[PDB]
Each structure stands twice: as C-alpha cells, then as structure tokens.
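Engineer: Line order of the protein sequences matches chains EF, EA, DU and DP. For the first sequence, the entry's author numbering gives the first residue as 304, with consecutive numbering after it. For the second sequence, the entry's author numbering gives the first residue as 102, with consecutive numbering after it. For the third sequence, the entry's author numbering gives the first residue as 203, with consecutive numbering after it. For the fourth sequence, the entry's author numbering gives the first residue as 153, with consecutive numbering after it. The beta carbon of each residue, even a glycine, is placed where N, CA and C say it ideally should be.
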Amino acid sequence: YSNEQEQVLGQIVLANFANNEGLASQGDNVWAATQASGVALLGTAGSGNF
Amino acid sequence: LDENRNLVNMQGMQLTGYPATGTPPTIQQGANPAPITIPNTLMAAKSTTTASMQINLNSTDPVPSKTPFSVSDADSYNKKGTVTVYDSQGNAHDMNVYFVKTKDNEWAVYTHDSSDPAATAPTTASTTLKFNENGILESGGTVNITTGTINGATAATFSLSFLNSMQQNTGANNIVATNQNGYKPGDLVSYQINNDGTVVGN
Amino acid sequence: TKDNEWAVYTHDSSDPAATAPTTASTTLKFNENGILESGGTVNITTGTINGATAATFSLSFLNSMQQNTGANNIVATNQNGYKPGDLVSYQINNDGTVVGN
Amino acid sequence: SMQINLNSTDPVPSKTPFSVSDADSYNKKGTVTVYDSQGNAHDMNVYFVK
C-alpha cells in the first residue's frame with residue numbers, strides 16, 4: 304500500500320488428493336472431487352506433503 | 102491408491118503381501134498374505150533405548166595434565182564424543198561423553214547432559230574401558246544412562262555400549278560412528294517400491 | 203500454561219455483540235507421552251443471527267497428540283452441519299447405491 | 153508340519169540370552185498360523201537358535 308505497509312488478503316489452498324489418477328474431468332482443464340478419488344484434504348503451500 | 106489408501110489394481114482387486122509389524126517393522130517371512138495399505142497417519146516418537154558408539158583410539162595417548170576431571174577445561178579429557186537421545190514426546194537431548202587415559206589398557210568414561218538446566222557437572226566415572234595388550238576391549242562396555250526432564254517429559258534410560266572399540270595408534274583419536282534406535286515424530290511424505298517388492302514409506 | 207497442560211478459549215467472530223473469552227472454554231491435560239486425557243469434549247453455544255435460533259452443540263478435541271510435531275498445525279476438523287441447497291445430479295456407484303449430489 | 157532347511161555353517165547368535173526384539177540373538181525367525189475353536193487365527197512365531 305501507499306504508506307510503507309503490507310497486508311494479507313488470504314492464502315492459496317492446495318488440496319492434495321489421497322488418490323491421483325482417479326479424478327474426473329468436467330470440462331476444461333479442471334477436475335472435480337469424486338468417489339474413489341479422495342476428500343479435498345486441504346493444505347498450505349510448503350508444509351510437508353505438498 | 103483408493104479411498105481407504107489400499108494398493109489396488111485398476112478394477113478393485115486389492116493387492117496382497119506379507120504384513121510387516123514391529124519397531125522397526127520387519128517383514129514377517131512366513132506370515133499369511135494380507136492386503137497392503139498406506140496409512141497417511143504419523144508414527145509416534147520412540148525414545149532412545151540402545152545407543153552405540155565405536156571409537157578409534159591411540160596407544161600413545163598422553164595422560165591429561167590436570168588430574169582434577171572437569172568439563173570446562175579441554176585439558177581435563179583426552180577424547181570427547183556426543184550422541185543424541187529422544188524423550189517420550191520427541192524432544193531432543195544431547196549426551197556428551199568424555200574419555201580419559203590414566204594408564205595403558207585402562208580408560209575412564211564420564212557421561213554428561215547438556216540440555217537439562219538442572220544438570221550439575223559431575224566428576225564420577227561413568228565406566229571403565231579395559232583393553233588388551235594388542236588394543237582390544239576387554240570388558241566394561243555396557244552402561245545404562247538416564248537423562249533428566251525437559252518441559253514436562255520423563256527421562257529414558259538407554260544402554261550405551263562401546264562395542265568393537267580399539268586403541269592401536271590410529272594417530273589421533275576419532276569416533277567411527279554413532280547411532281541409536283530413537284527418532285522424532287513425523288508425517289508420511291513419500292512412498293516407493295524397491296526391486297524386491299518391499300514397499301517403502303518415507 | 204504449564205507442562206502437559208493447555209487452556210482452550212473460544213470466540214464467535216460472526217456475532218456482532220460477542221465478548222472476548224475471559225475464561226477458558228476447557229482445559230486439555232496430556233499424558234506424559236503426549237496423550238490427551240481430559241477436556242475431551244465441551245458444550246459450546248453461539249449467538250443468534252438475523253432472528254434465527256442460536257446453535258448449542260458439542261465441541262470435542264479427542265485424538266489430539268501434542269508430541270513435538272515441529273510447529274503447531276491443525277490436523278483435522280469436522281462437523282455435521284450444512285447450508286440448505288438444491289439438487290444438481292445423481293449417479294449409480296459400483297454397488298447400486300444411487301446417491302445424489 | 154513345517155519343513156525347513158537349516159544352514160550347517162551358520163554361526164551361533166551373538167547375544168547369548170534369547171532376545172525377542174532384535175535378530176542378533178536368534179538365527180532364523182519363521183511364522184505359521186494355526187486356528188482356534190472360535191475361528192480367530194493365531195500366529196505362531198517359531199524362533200531357531202543354533
């Protein structure tokens with residue numbers, strides 16, 4: 304910002320799946336969470352598994 | 102790798118193999134085949150129990166000048182080694198060990214803590230190392246050491262064995278290796294399969 | 203607060219007239235190895251919003267291991283509540299369980 | 153029945169007392185599975201020390 308300050312507007316979430324090659328495509332370069340594919344299992348950028 | 106984290110073929114026929122149990126887990130050779138899974142959960146820390154430390158010592162090691170043994174003056178000891186131990190909650194403690202030479206074929210070993218704020222510097226010898234005329238350890242190579250408490254944790258007494266040591270003029274003195282069977286907690290980060298079918302987690 | 207003991211406070215950040223937690227909602231007391239013993243569940247109530255009834259429910263912290271896991275990191279959370287919504291599509295799974303979305 | 157081949161030239165286990173956690177104290181560990189009356193299988197671990 305214009306007073307030598309910084310702000311945070313949120314964080315990017317990376318949702319690793321317990322099952323790759325099990326996602327389903329519903330259009331453009333985009334998948335949807337389905338059965339036999341895993342729960343969202345959210346997470347931050349650099350923590351561990353990601 | 103399906104919903105329940107089970108290794109399975111493209112249709113839904115779960116993979117099978119020898120189950121593994123223990124700590125560290127070992128492949129039960131004759132066990133009945135059972136499904137192989139990949140638990141994403143974390144394994145709890147196991148406190149150090151069997152720490153071992155080899156050392157290469159010298160026959161011509163001079164006697165320390167200052168005979169009052171201490172931990173401040175470097176002249177108080179001939180050799181200094183260090184190992185790491187783990188509490189019951191994954192906290193790491195540092196165990197120092199000092200070797201001094203009074204006369205030939207005889208050495209005095211003193212342990213010391215460096216993480217407990219209430220650990221007073223001792224002078225009592227932890228044990229004695231007795232050596233052959235050729236430089237082979239005789240006895241006194243089994244010790245039990247208990248640490249202190251660190252922020253609400255109970256100590257874990259470990260067996261320290263200076264097995265297969267030697268003092269046969271390796272120039273100076275140096276530790277060959279240090280190890281134990283204790284580890285911190287940690288989460289699953291990667292898995293693989295070796296060329297012998299033993300599935301491996303990291 | 204001390205060795206093997208934590209205090210748990212709560213706050214509804216959506217209530218316009220909420221109050222900062224003066225006391226502890228509960229207290230977690232841990233086994234020496236790092237196993238949770240007490241303060242497993244606690245009754246928690248929230249405030250009414252837009253003329254709608256408030257929610258009184260249970261909040262549980264079971265199966266929590268404080269064992270020097272690096273730094274602090276929440277492992278999992280779960281509820282059973284959901285916003286009202288409409289149908290989009292159905293399907294038939296591999297065991298005949300016709301389930302909607 | 154358990155038919156097993158034993159190596160003649162294998163050495164005596166290092167640790168003289170019989171340990172159950174580490175293999176230094178036993179030569180060969182095998183496992184068979186027997187069945188009880190109710191049907192719950194029991195794993196019989198056999199330990200061989202020369």
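Residues in the segment 110–132 of chain EA with C-beta within 7 Å of chain DP's C-beta atoms, listed in sequence order?
Structural biologist: If the cut-off is 7 Å between Cβ atoms, the segment 110–132 of chain EA has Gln-129, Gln-130, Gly-131, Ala-132 near chain DP.
Engineer: Report yes if the CB atom of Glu-207/EA is closer than 8 Å to the CB atom of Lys-231/EA, and no otherwise.
Structural biologist: Residue 207/EA sits at position 106 when you count from the first residue of the second sequence. Residue 231/EA sits at position 130 when you count from the first residue of the second sequence. Their beta carbons are under 8 Å apart, which means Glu-207/EA touches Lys-231/EA by this criterion.
Engineer: Identify each residue in the segment 335–349 of chain EF for which the Cβ-Cβ distance to at least one residue of chain DU is less than 7 Å, and report them in chain order.
Structural biologist: Per Cβ criterion, the list reads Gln-338.
Engineer: To the nearest angstrom, report how far apart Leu-238/DU and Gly-330/EF are at their CA atoms.
Structural biologist: Taking the third sequence and counting its residues from 1, the one referred to as residue 238/DU is at position 36. Taking the first sequence and counting its residues from 1, the one referred to as residue 330/EF is at position 27. Going from the Cα of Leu-238/DU to the Cα of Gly-330/EF covers about 46 Å.
Engineer: Of all Cβ atoms in chain DU, is any one closer than 8 Å to the Cβ of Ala-254/EA?
Structural biologist: The residue labelled residue 254/EA in the question sits at position 153 within the second sequence. So, interface residue.
Engineer: When you compare only the Cα positions, how much space is there between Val-109/EA and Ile-156/DP?
Structural biologist: For this step, residue 109/EA is matched to residue 8 along the second sequence. For this step, residue 156/DP is matched to residue 4 along the fourth sequence. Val-109/EA and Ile-156/DP: Cα-Cα distance of roughly 33 Å.
Engineer: Counting contacts by CB-CB distance shorter than 8 Å, is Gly-351/EF in contact with chain EA?
Structural biologist: For the purposes of this step, residue 351/EF is taken as the residue at position 48 of the first sequence. Answer yes: the Cβ-Cβ gap between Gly-351/EF and chain EA drops below 8 Å somewhere.
Engineer: Per DSSP, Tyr-187/DP is paired with what?
Structural biologist: Here the question's residue 187/DP lines up with position 35 in the fourth sequence. Answer by DSSP bridge pairing, in chain order: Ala-193/DP.
Engineer: Along the chain, where does the beta strand (DSSP E) containing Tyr-211/EA start, and where does it finish?
Structural biologist: Numbered from 1 along the second sequence, position 110 holds the residue referred to as residue 211/EA. Unbroken beta strand (DSSP E) run through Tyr-211/EA: 207–214.
Engineer: Could you run through the segment 184–201 of chain DP and flag, in chain order, every residue whose CB is less than 9 Å away from some CB of chain EA?
Structural biologist: Of all residues in the segment 184–201 of chain DP, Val-184, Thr-185, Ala-193, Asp-195, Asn-197, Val-198 have a Cβ within less than 9 Å of some Cβ in chain EA.
Engineer: By the three-class DSSP mapping on this structure, what secondary structure does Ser-177/DP have?
Structural biologist: By one-based count along the fourth sequence, residue 177/DP stands at place 25. Three-state result, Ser-177/DP: helix.
Engineer: Go ahead and pull the three-state DSSP assignment for residue 305/EA.
Structural biologist: Residue 305/EA cannot be examined here, being either before or after the span of chain EA that is shown, 102 to 303.
Engineer: By the three-class DSSP mapping on this structure, what secondary structure does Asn-133/EA have?
Structural biologist: The residue labelled residue 133/EA in the question sits at position 32 within the second sequence. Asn-133/EA falls in the coil class under three-state DSSP.
Engineer: Using a Cβ-Cβ cut-off of 7 Å (strictly less than) and excluding sequence neighbours within five positions of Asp-162/DP, which residues of its own chain qualify?
Structural biologist: In the fourth sequence, counting from the first residue as 1, residue 162/DP sits at position 10. Within the same chain, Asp-162/DP has close Cβ partners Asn-179, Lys-202.
Engineer: Taking only three categories from DSSP, how would you classify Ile-156/DP?
Structural biologist: Sequence index remark: in the fourth sequence, residue 156/DP carries index 4 (1-based). Of the three classes helix, strand and coil, the one that applies to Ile-156/DP here is coil, per DSSP.
Engineer: With DSSP run on the structure shown, which of helix, strand or coil describes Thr-228/EA?
Structural biologist: Reading the second sequence from its first residue, position 127 is the one you call residue 228/EA. It is a strand residue.
Engineer: Using 10 angstroms around the beta-carbon of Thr-168/DP, count the other beta-carbons present and answer buried if the total reaches 16, otherwise exposed.
Structural biologist: Against the fourth sequence, residue 168/DP aligns to sequence position 16. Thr-168/DP comes out exposed.
Engineer: Could you name the residues of the same chain whose beta carbon sits closer than 7 Å to that of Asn-270/EA, not counting the 5 residues immediately before and after it, in chain order?
Structural biologist: Walking along the second sequence from the start, residue 270/EA turns up at place 169. Closer than 7 Å at Cβ, skipping near neighbours: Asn-159, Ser-160, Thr-161.
Engineer: Would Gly-118/EA pass as a contact of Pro-140/EA if the rule is Cβ separation under 8 Å?
Structural biologist: Here the question's residue 118/EA lines up with position 17 in the second sequence. Here the question's residue 140/EA lines up with position 39 in the second sequence. The answer is no: Cβ separation not under 8 Å.
Engineer: Beta carbons nearer than 7 Å to chain EF: which residues of the segment 283–296 of chain DU have them?
Structural biologist: The segment 283–296 of chain DU vs chain EF, Cβ under 7 Å: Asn-295.
Engineer: Between the Cα of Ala-152/EA and the Cα atoms of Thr-250/EA, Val-184/EA, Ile-251/EA, which residue gives the shortest distance?
Structural biologist: Position 51 of the second sequence holds residue 152/EA. Comparing Cα positions, the closest option is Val-184/EA.
Engineer: In this structure, what does DSSP give as the bridge partners for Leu-264/DU?
Structural biologist: The residue labelled residue 264/DU in the question sits at position 62 within the third sequence. Looking at the DSSP assignment, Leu-264/DU forms no beta bridge with any residue, so it has no partner.
Engineer: Using Cβ-Cβ distances below 7 Å, what residues of the segment 141–152 of chain EA are close to chain DU?
Structural biologist: So the close ones are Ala-145, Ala-146.
Engineer: Look up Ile-294/EA in the DSSP assignment and give the residues it is bridged to.
Structural biologist: By one-based count along the second sequence, residue 294/EA stands at place 193. Note: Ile-294/EA sits in a beta bridge opposite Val-300/EA.
Engineer: Might you give, ordered along the chain, the residues of its own chain that have their beta carbon closer than 7 Å to the beta carbon of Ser-216/EA, omitting 5 neighbours on each side?
Structural biologist: Reading the second sequence from its first residue, position 115 is the one you call residue 216/EA. Result list for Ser-216/EA: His-194, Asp-195, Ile-251, in chain order.
Engineer: Using a Cβ cut-off of 8 Å (strictly closer), state whether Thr-271/DU contacts chain EA.
Structural biologist: If you number the third sequence from 1, residue 271/DU lands on position 69. Yes, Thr-271/DU lies at the interface with chain EA (some Cβ there is under 8 Å from its Cβ).
Engineer: Using the C-alpha atoms, what's the distance from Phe-263/EA back to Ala-278/EA?
Structural biologist: Locating residue 278/EA in the second sequence gives position 177, where the first residue counts as 1. Locating residue 263/EA in the second sequence gives position 162, where the first residue counts as 1. Approximately 11 Å, taken between the alpha carbons.
Engineer: If contacts are defined as beta-carbon pairs under 8 Å, then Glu-234/DU and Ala-146/EA qualify, I think. What distance do you get, rounded to the angstrom?
Structural biologist: Translated into the one-based positions of the third sequence, residue 234/DU becomes position 32. Translated into the one-based positions of the second sequence, residue 146/EA becomes position 45. With 8 Å as the limit, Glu-234/DU and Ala-146/EA do not qualify as a contact, their Cβ atoms being about 13 Å apart.
Engineer: Hey, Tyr-292/EA and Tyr-187/EA are a contact pair by Cβ (cut 8 Å); roughly how many whole angstroms apart?
Structural biologist: Here residue 292/EA refers to the residue found at position 191 of the second sequence. Here residue 187/EA refers to the residue found at position 86 of the second sequence. Contact doesn't hold; Cβ gap of about 24 Å is too wide.
Engineer: Tell me the residue span of the beta strand (DSSP E) that contains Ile-128/EA.
Structural biologist: If you number the second sequence from 1, residue 128/EA lands on position 27. Here the beta strand (DSSP E) through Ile-128/EA covers 126–128.
Engineer: Contact defined as beta carbons within less than 8 Å: I believe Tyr-211/EA pairs with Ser-189/EA. What is the distance between those atoms, to the nearest angstrom?
Structural biologist: By one-based count along the second sequence, residue 211/EA stands at place 110. By one-based count along the second sequence, residue 189/EA stands at place 88. That pair is no contact at about 26 Å.
Engineer: Would you say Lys-181/DP faces chain EA, with C-beta separation under 8 Å as the test?
Structural biologist: Mapped onto the fourth sequence, residue 181/DP falls at position 29. Yes, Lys-181/DP counts as interfacial toward chain EA.
Engineer: Hey, quick one: how far does the beta strand (DSSP E) through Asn-245/DU stretch, first residue to last?
Structural biologist: Along the third sequence, read from residue 1 onward, the residue named residue 245/DU stands at position 43. Taken as a continuous stretch (DSSP letters only), the beta strand (DSSP E) holding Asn-245/DU covers 243–247.
Engineer: Tell me which same chain residues have a C-beta within less than 6 Å of the C-beta of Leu-261/EA, skipping the five on either side of it?
Structural biologist: Counted from its first residue, the second sequence places residue 261/EA at position 160. Excluding residues within five positions, the ones whose Cβ falls inside 6 Å are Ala-152, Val-244, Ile-246.
Engineer: Any idea which residues DSSP pairs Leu-238/DU with across the strands?
Structural biologist: What you label residue 238/DU is simply residue 36 of the third sequence in a count that begins at 1. The partner list for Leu-238/DU (beta bridge, DSSP) reads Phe-232/DU.
Engineer: Comparing alpha-carbon positions, which option in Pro-126/EA, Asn-275/EA, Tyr-199/EA, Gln-115/EA lies nearest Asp-176/EA?
Structural biologist: Walking along the second sequence from the start, residue 176/EA turns up at place 75. Checking every option, the nearest Cα to that of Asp-176/EA belongs to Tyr-199/EA.
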